[PDB]
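Presented below, as structure tokens, is a lone chain in the form deposited in one PDB entry.
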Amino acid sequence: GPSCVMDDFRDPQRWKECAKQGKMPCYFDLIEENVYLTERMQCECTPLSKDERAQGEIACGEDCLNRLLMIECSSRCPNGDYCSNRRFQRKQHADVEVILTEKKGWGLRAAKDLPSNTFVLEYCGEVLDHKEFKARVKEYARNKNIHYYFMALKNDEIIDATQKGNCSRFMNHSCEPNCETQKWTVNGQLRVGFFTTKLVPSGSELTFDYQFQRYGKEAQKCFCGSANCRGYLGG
């Protein structure tokens, strides 16, 4: 099918044009941070020498205490500019494209090879309390929407990327996936991002195991094509 790049989403009227020809997904409002309907210490890594920075060595890598608790550092981190643990904030996203699938709608694929436990994208959207969430479920059912964009963030917080979000919203489900969600604390506030669970060759679709609690017996069928396909979306 047709494909497109994350920069294509920055030109609104051209996008809408590409959408008229079916060369891009339908329009949504692009945002770079979660938006709320309901109004809401440093680590101990030793500073790296300028020599160690030049050698290729990692600042706040795997032993960093902020990182081990999936907390990103701030500006006041000991390693300052060198800190590798500010990925959400610096928007250090993987190189991925938005493509048209056979039966799932649009999707995400890797433009380059991507290592294991590599950051893909933040799942951004409108954060909802339980009440707003239920309002929208019903509103969406009554508009006969086909695609749904809900992601559980925490107790009484669900991200809805139906109207406002970013390209994370195109990652499809798979019963045998190559990414997972991770919840990270940034400035005392929780966020969700997608991360590879294995190596993902260039061209391959990126998928995760969506486990949002299924309500009815009734569900969306799964066209993931795996050997182990559970048949439907949801947990």
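Here, rigid core means the biggest group of C-alpha atoms that superpose within 1.5 Å across both forms. Quick note: we count residues from 1 along the sequence shown, nothing fancier.
The same protein has a further form, the form deposited in another entry, not shown here; the description that follows concerns it.
Of the candidates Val98, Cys124, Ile158, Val120, the Cα that moves 2 angstroms or more after core superposition between the shown form and the other one belongs to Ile158 alone.
Once the cores line up, the CA of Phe9 ends up less than 2 angstroms apart between the shown form and the other one. In the core-superposed comparison between the shown form and the other one, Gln55 has its Cα shifted by at least 2 Å. Superposed on the core, the two forms barely differ at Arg86: its CA moves less than 2 Å between the shown form and the other one.
Shown here is a form in which the CA atoms of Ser174 and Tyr215 lie at least 3 Å farther apart than they do in the other form.
Between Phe212 and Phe194, the C-alpha separation shrinks by 3 Å or more in the other form, relative to the conformation displayed.
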